[PDB]
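Per this note's numbering, numbering through the sequence shown is continuous, rising by one, with the last residue being 154.
Don't be surprised by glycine CBs; every beta carbon is placed ideally from N, CA and C.
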Amino acid sequence: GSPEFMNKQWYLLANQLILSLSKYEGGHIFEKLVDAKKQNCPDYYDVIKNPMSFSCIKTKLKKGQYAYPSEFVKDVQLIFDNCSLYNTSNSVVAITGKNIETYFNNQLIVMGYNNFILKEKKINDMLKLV
Ligand SMILES: Cc1ccccc1-c1[nH]c(C)c2c1CCCCC2=O
Numbered sequence: 025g026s027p028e029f030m031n032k033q034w035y036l037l038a039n040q041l042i043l044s045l046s047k048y049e050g051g052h053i054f055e056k057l058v059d060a061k062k063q064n065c066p067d068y069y070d071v072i073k074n075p076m077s078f079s080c081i082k083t084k085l086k087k088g089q090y091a092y093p094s095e096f097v098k099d100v101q102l103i104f105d106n107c108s109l110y111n112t113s114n115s116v117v118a119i120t121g122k123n124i125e126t127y128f129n130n131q132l133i134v135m136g137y138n139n140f141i142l143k144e145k146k147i148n149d150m151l152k153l154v
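Spelled out as structure tokens, the structure:
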């Protein structure tokens, strides 16, 4: 397809997808960066050195700071990885995090978003062939 047209497309799906995650059940705990004091987890940024939240990703989208479709997924997946790292598997937060992660990955399938990630790869090979 048209290269800039494609970029407009997956940008639209990303902005849609981050919004669905904000409204999904429990998504509000990933909306903002954790305030270690107000959540009384005062060791959070001793454990999590690469913090990420839905609002950070929204700002990147708004600022046009994603060059590839995989870069958006990587940031969302980072939220889920921080969540499972910090919270024990039998905790409310860990369980909530795995529920949103399953939903995010399934939206990637339903929305055709993964085809944009596949496209990104072959273009970079097509560029390697030059
Ligand atoms: C549980 C909660 C409520 C309101 C705002 C943020 C949170 C939250 N969101 C994450 C990803 C958290 C926490 C605090 C509990 C332990 C640390 C954590 O992973």
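Query	Result
Extent of the continuous alpha helix (DSSP H) to which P27 belongs	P27 to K47
Three-state secondary structure assigned by DSSP to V58	coil
Identity of the residue in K62, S94, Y69 and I53 nearest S79 by Cα	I53
7 Å Cβ cutoff met for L37 and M135	yes
Alpha-carbon spacing of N129 relative to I141, whole angstroms	13 Å
Closest Cα partner of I133 within the set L41, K32, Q63 and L57	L41
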